[PDB]
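Reviewing the structure listed below.
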Amino acid sequence: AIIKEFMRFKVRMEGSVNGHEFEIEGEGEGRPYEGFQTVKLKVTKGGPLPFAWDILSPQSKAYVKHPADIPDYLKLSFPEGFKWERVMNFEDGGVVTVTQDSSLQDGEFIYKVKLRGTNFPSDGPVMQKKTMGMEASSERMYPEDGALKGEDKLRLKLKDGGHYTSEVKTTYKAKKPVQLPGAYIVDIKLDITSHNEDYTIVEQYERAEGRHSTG
């Protein structure tokens with residue numbers, strides 16, 4: 001009974017993008033079983049960021065709605081929790097690597113994130129802030145080597161019409177070997193609900209629901 005129907009979380013990211021170091025702190029809340037959440041974030045060091053918010057926005061899988069018949073591996077991992085490791089390869093040679101620890105302390109999730117972005121063209125859409133959010137996506141989930149893997153193609157919206165593509169691969173590993181699901185799909189929509197002019201303060205909303213594959 002330790003994941004309640006309403007849960008809050010605290011997050012700190014230590015990051016570097018093309019050598020620009022920054023820190024972000026945030027707090028969020030949501031309904032883990034209903035698959036939605038919100039977060040309020042502030043850049044506490046290295047603001048304003050000289051790159052697009054949208055590469056940071058996808059950096060909280062306890063809050064995915066799962067039907068009863070798909071094991072909710074990442075909720076089962078608590079109280080100890082889980083770790084994740086991610087690579088994002090962007091279509092113009094930019095690369096983001098991320099590691100994250102998720103734990104539960106005094107009834108709140110605690111998130112610790114380390115991020116490195118490199119090889120973004122100084123004049124590309126990320127370093128020139130030409131993105132305006134991302135499309136809804138479907139993360140393709142499967143068990144492998146005792147972990148849960150996810151693969152997605154993120155389509156960052158360009159202001160000028162069009163999309164800037166990232167292939168994303170993530171490993172989500174519970175700190176104790178609770179029940180893995182079979183292969184399945186998680187439909188996700190992440191929205192930036194508000195921001196200040198320079199994106200030193202940002203609010204996000206996400207909805208996520210697991211389902212069986214069609215095909």
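Quick note on naming: the chains in the structure tokens go A, B, ... in the order shown, residues restart at 1 in each chain, and ligands are numbered from 1 in order of appearance.
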
* **Residues within 7 Å of region 12-25 of chain A, only C-alpha atoms, excluding chain neighbours under 5 positions, as a PyMOL selection string** => chain A and resi 41-47+111-120

Any chance you can output those residues with N, CA and C atoms as a short mmCIF file (atom, residue, chain, number, x, y, z; two decimals), in the first residue's frame?
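What ended up in part_25.cif:
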```
data_model
loop_
_atom_site.label_atom_id
_atom_site.label_comp_id
_atom_site.auth_asym_id
_atom_site.auth_seq_id
_atom_site.Cartn_x
_atom_site.Cartn_y
_atom_site.Cartn_z
N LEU A 41 9.29 23.51 -12.10
CA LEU A 41 10.78 23.46 -12.17
C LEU A 41 11.36 24.86 -12.22
N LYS A 42 12.51 25.03 -11.58
CA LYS A 42 13.28 26.29 -11.71
C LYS A 42 14.76 25.97 -11.96
N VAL A 43 15.38 26.76 -12.84
CA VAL A 43 16.85 26.68 -13.06
C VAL A 43 17.48 27.41 -11.88
N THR A 44 18.22 26.70 -11.03
CA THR A 44 18.81 27.26 -9.79
C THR A 44 20.27 27.69 -10.02
N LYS A 45 20.93 27.16 -11.06
CA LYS A 45 22.34 27.50 -11.44
C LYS A 45 22.44 27.47 -12.96
N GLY A 46 23.09 28.48 -13.55
CA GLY A 46 23.51 28.44 -14.96
C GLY A 46 22.42 28.96 -15.85
N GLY A 47 21.40 29.61 -15.29
CA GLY A 47 20.30 30.23 -16.05
C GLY A 47 20.69 31.63 -16.52
N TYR A 111 13.77 12.11 -6.82
CA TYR A 111 14.40 11.91 -8.14
C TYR A 111 15.74 12.65 -8.20
N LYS A 112 16.77 11.94 -8.60
CA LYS A 112 18.12 12.54 -8.79
C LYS A 112 18.53 12.30 -10.24
N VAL A 113 18.83 13.36 -10.99
CA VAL A 113 19.09 13.24 -12.44
C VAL A 113 20.46 13.84 -12.77
N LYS A 114 21.26 13.14 -13.56
CA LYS A 114 22.50 13.68 -14.14
C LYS A 114 22.38 13.58 -15.64
N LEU A 115 22.68 14.67 -16.32
CA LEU A 115 22.48 14.79 -17.78
C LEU A 115 23.71 15.37 -18.45
N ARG A 116 24.11 14.80 -19.58
CA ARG A 116 25.18 15.38 -20.43
C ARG A 116 24.68 15.45 -21.87
N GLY A 117 24.68 16.65 -22.45
CA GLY A 117 24.41 16.84 -23.89
C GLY A 117 25.65 17.34 -24.56
N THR A 118 25.94 16.78 -25.74
CA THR A 118 27.15 17.15 -26.52
C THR A 118 26.85 17.13 -28.01
N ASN A 119 27.74 17.79 -28.77
CA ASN A 119 27.77 17.69 -30.25
C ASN A 119 26.52 18.33 -30.83
N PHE A 120 25.85 19.26 -30.13
CA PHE A 120 24.77 20.03 -30.78
C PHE A 120 25.43 21.12 -31.63
#
```

Exercise for review: Skip residue 35 (chain A) itself and residues of its chain fewer than 6 positions away, then list as an MDAnalysis selection string all residues within 12 Å of it, counting only C-alpha atoms.
Suggested key: chainID A and resid 5:7 29 60:67 72 75 186:190 205:210

Selection above as a file: N, CA, C and O atoms, as a JSON list (two decimals), in the first residue's frame:
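Result written to selection.json:
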```json
[["chain", "number", "residue", "atom", "x", "y", "z"],
["A", 5, "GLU", "N", -2.76, 6.90, -3.78],
["A", 5, "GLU", "CA", -3.53, 7.31, -4.99],
["A", 5, "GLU", "C", -3.12, 8.73, -5.43],
["A", 5, "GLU", "O", -3.37, 9.12, -6.55],
["A", 6, "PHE", "N", -2.53, 9.49, -4.51],
["A", 6, "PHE", "CA", -1.97, 10.82, -4.79],
["A", 6, "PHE", "C", -0.56, 10.85, -4.19],
["A", 6, "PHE", "O", -0.40, 10.44, -3.05],
["A", 7, "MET", "N", 0.44, 11.22, -5.00],
["A", 7, "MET", "CA", 1.86, 11.19, -4.56],
["A", 7, "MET", "C", 2.53, 12.46, -5.06],
["A", 7, "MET", "O", 2.32, 12.87, -6.22],
["A", 29, "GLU", "N", 3.52, 16.47, -8.57],
["A", 29, "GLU", "CA", 2.43, 15.75, -7.92],
["A", 29, "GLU", "C", 1.54, 15.11, -8.99],
["A", 29, "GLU", "O", 1.60, 15.52, -10.16],
["A", 60, "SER", "N", 9.41, 10.11, -14.93],
["A", 60, "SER", "CA", 8.66, 9.94, -13.66],
["A", 60, "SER", "C", 7.69, 8.76, -13.87],
["A", 60, "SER", "O", 6.46, 8.92, -13.80],
["A", 61, "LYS", "N", 8.27, 7.59, -14.11],
["A", 61, "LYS", "CA", 7.57, 6.41, -14.63],
["A", 61, "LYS", "C", 6.76, 5.68, -13.56],
["A", 61, "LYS", "O", 6.08, 4.72, -13.91],
["A", 62, "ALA", "N", 6.77, 6.15, -12.30],
["A", 62, "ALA", "CA", 5.84, 5.61, -11.27],
["A", 62, "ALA", "C", 4.41, 6.02, -11.56],
["A", 62, "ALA", "O", 3.53, 5.46, -10.95],
["A", 63, "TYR", "N", 4.20, 7.00, -12.43],
["A", 63, "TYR", "CA", 2.88, 7.59, -12.66],
["A", 63, "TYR", "C", 2.32, 7.15, -14.02],
["A", 63, "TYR", "O", 1.67, 7.94, -14.68],
["A", 64, "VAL", "N", 2.52, 5.93, -14.41],
["A", 64, "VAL", "CA", 1.92, 5.39, -15.67],
["A", 64, "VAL", "C", 0.69, 4.55, -15.30],
["A", 64, "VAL", "O", 0.78, 3.64, -14.48],
["A", 65, "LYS", "N", -0.43, 4.81, -15.94],
["A", 65, "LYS", "CA", -1.65, 3.99, -15.77],
["A", 65, "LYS", "C", -1.44, 2.64, -16.45],
["A", 65, "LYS", "O", -1.04, 2.62, -17.62],
["A", 66, "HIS", "N", -1.61, 1.57, -15.71],
["A", 66, "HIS", "CA", -1.48, 0.19, -16.25],
["A", 66, "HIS", "C", -2.77, -0.55, -15.94],
["A", 66, "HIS", "O", -3.26, -0.50, -14.80],
["A", 67, "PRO", "N", -3.34, -1.29, -16.92],
["A", 67, "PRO", "CA", -4.43, -2.19, -16.59],
["A", 67, "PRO", "C", -3.92, -3.32, -15.69],
["A", 67, "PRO", "O", -2.73, -3.54, -15.60],
["A", 72, "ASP", "N", 2.96, -3.74, -13.19],
["A", 72, "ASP", "CA", 3.45, -2.35, -13.05],
["A", 72, "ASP", "C", 4.80, -2.42, -12.33],
["A", 72, "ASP", "O", 4.91, -2.05, -11.17],
["A", 75, "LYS", "N", 6.25, 0.59, -10.32],
["A", 75, "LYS", "CA", 5.59, 0.80, -8.99],
["A", 75, "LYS", "C", 6.00, -0.30, -8.00],
["A", 75, "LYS", "O", 6.20, 0.01, -6.81],
["A", 186, "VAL", "N", 3.40, 2.23, -24.12],
["A", 186, "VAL", "CA", 2.93, 3.35, -23.23],
["A", 186, "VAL", "C", 2.73, 4.61, -24.09],
["A", 186, "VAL", "O", 3.67, 5.06, -24.73],
["A", 187, "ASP", "N", 1.47, 5.02, -24.21],
["A", 187, "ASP", "CA", 1.10, 6.25, -24.93],
["A", 187, "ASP", "C", 1.33, 7.41, -23.97],
["A", 187, "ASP", "O", 0.81, 7.33, -22.82],
["A", 188, "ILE", "N", 2.07, 8.42, -24.43],
["A", 188, "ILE", "CA", 2.50, 9.57, -23.59],
["A", 188, "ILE", "C", 2.24, 10.88, -24.32],
["A", 188, "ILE", "O", 2.54, 10.97, -25.51],
["A", 189, "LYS", "N", 1.73, 11.88, -23.59],
["A", 189, "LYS", "CA", 1.73, 13.26, -24.06],
["A", 189, "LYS", "C", 2.31, 14.15, -22.96],
["A", 189, "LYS", "O", 1.74, 14.19, -21.87],
["A", 190, "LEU", "N", 3.38, 14.86, -23.29],
["A", 190, "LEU", "CA", 4.02, 15.84, -22.38],
["A", 190, "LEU", "C", 3.76, 17.24, -22.92],
["A", 190, "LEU", "O", 4.07, 17.49, -24.11],
["A", 205, "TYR", "N", 2.97, 19.13, -17.73],
["A", 205, "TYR", "CA", 1.90, 18.15, -17.45],
["A", 205, "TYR", "C", 2.22, 16.94, -18.33],
["A", 205, "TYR", "O", 2.59, 17.14, -19.53],
["A", 206, "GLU", "N", 2.04, 15.75, -17.79],
["A", 206, "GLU", "CA", 2.21, 14.54, -18.61],
["A", 206, "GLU", "C", 1.07, 13.57, -18.29],
["A", 206, "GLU", "O", 0.64, 13.51, -17.14],
["A", 207, "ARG", "N", 0.58, 12.91, -19.33],
["A", 207, "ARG", "CA", -0.32, 11.77, -19.21],
["A", 207, "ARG", "C", 0.31, 10.57, -19.89],
["A", 207, "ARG", "O", 0.94, 10.71, -20.98],
["A", 208, "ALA", "N", 0.20, 9.42, -19.23],
["A", 208, "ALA", "CA", 0.86, 8.18, -19.72],
["A", 208, "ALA", "C", -0.01, 6.98, -19.39],
["A", 208, "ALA", "O", -0.42, 6.83, -18.21],
["A", 209, "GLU", "N", -0.25, 6.12, -20.38],
["A", 209, "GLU", "CA", -1.05, 4.90, -20.14],
["A", 209, "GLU", "C", -0.48, 3.74, -20.95],
["A", 209, "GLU", "O", -0.28, 3.84, -22.14],
["A", 210, "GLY", "N", -0.28, 2.64, -20.26],
["A", 210, "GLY", "CA", 0.16, 1.38, -20.85],
["A", 210, "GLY", "C", -1.01, 0.62, -21.43],
["A", 210, "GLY", "O", -2.09, 0.67, -20.89]]
```

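Nearest to residue 148 (chain A) of all the residues A:202, A:56, A:74, A:95 is A:74, based on only C-alpha atoms.
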
For residue 214 (chain A), list every protein, DNA or RNA residue within 12 Å, evaluated using only C-alpha atoms, and leave out those in the same chain fewer than 6 positions away; present the list as a PDB file with N, CA and C atoms, in the first residue's frame.
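Once written, selection_36.pdb looks like this:
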```pdb
ATOM      1  N   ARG A 140       7.825   2.117 -26.724  1.00  0.00           N
ATOM      2  CA  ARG A 140       7.703   0.662 -26.967  1.00  0.00           C
ATOM      3  C   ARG A 140       8.527  -0.040 -25.904  1.00  0.00           C
ATOM      4  N   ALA A 183       6.146  -7.535 -23.514  1.00  0.00           N
ATOM      5  CA  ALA A 183       6.254  -6.347 -24.388  1.00  0.00           C
ATOM      6  C   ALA A 183       4.893  -5.649 -24.404  1.00  0.00           C
ATOM      7  N   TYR A 184       4.904  -4.343 -24.335  1.00  0.00           N
ATOM      8  CA  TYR A 184       3.671  -3.516 -24.353  1.00  0.00           C
ATOM      9  C   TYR A 184       4.028  -2.099 -24.781  1.00  0.00           C
ATOM     10  N   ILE A 185       3.038  -1.228 -24.826  1.00  0.00           N
ATOM     11  CA  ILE A 185       3.191   0.157 -25.332  1.00  0.00           C
ATOM     12  C   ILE A 185       2.692   1.126 -24.278  1.00  0.00           C
TER      13      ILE A 185
END
```

- Output as an NGL selection string all residues of chain A that backbone DSSP marks as strand (DSSP E or B). :A and (7-17 or 20-31 or 36-45 or 65 or 82-90 or 95-105 or 108-118 or 131-134 or 137-144 or 147-158 or 163-174 or 184-195 or 201-211)

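Residue nearest residue 153 (chain A) within the list A:174, A:48, A:89, A:94: A:89 [criterion: smallest interatomic distance, only C-alpha atoms].
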